[PDB]
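There are 2 protein chains.
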Amino acid sequence: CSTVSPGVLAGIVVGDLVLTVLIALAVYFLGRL
Amino acid sequence: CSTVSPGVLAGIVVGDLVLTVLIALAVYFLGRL
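Residue numbers (the entry's author numbering), protein chains in the order written: chain B, 1 to 33; chain A, 1 to 33.
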C-alpha cells in the first residue's frame with residue numbers, strides 16, 4: 001500500500017531546498033549587494 | 001498501511017528539475033553581476 005515509507009522522496013525535497021539555496025546563494029554572493 | 005499520499009512528493013521532484021533549469025537559465029543567460 002504505497003509502502004507508506006517515502007524515504008528517498010523525502011531525500012529529494014531536502015535536496016530541493018539545498019538546490020535553490022545553493023544556486024541562489026551563488027548568484028547572491030557574486031552580486032554582492 | 002495509511003494515507004501518506006506520496007503524490008505531492010513526486011510533485012516536488014518535478015519542482016527540483018524546474019529549480020535547476022530555472023536558476024541555471026537565469027545565470028547562464030545573464031547573471032546580473
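All residues carry an ideal CB built from backbone N, CA and C; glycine is no exception.
Cross-chain neighbours of A:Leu9 in chain B, by beta carbon under 8 Å: For the purposes of this step, residue 9 of chain A is taken as the residue at position 9 of the second sequence. Chain B residues near A:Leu9: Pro6, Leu9, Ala10, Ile12, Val13.
Whether A:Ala24 touches B:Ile12 by CB criterion (8 Å): Translated into positions along the second sequence, residue 24 of chain A becomes position 24. Translated into positions along the first sequence, residue 12 of chain B becomes position 12. Result no, Cβ atoms of A:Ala24 and B:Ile12 do not sit closer than 8 Å.
N- and C-terminal bounds of the alpha helix (DSSP H) containing B:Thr20: Within the first sequence, numbered from 1, the residue matching residue 20 of chain B stands at position 20. Taken as a continuous stretch (DSSP letters only), the alpha helix (DSSP H) holding B:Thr20 covers 7-31.
For B:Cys1 and B:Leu19, the rounded distance between their alpha carbons: As a first step, residue 19 of chain B is located in the first sequence; it is residue number 19 there, counting from the start. As a first step, residue 1 of chain B is located in the first sequence; it is residue number 1 there, counting from the start. The straight-line gap from Cα to Cα measures roughly 31 Å.
Three-state class that DSSP yields for A:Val4 in the structure shown: Translated into positions along the second sequence, residue 4 of chain A becomes position 4. Here A:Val4 sits in coil by DSSP.
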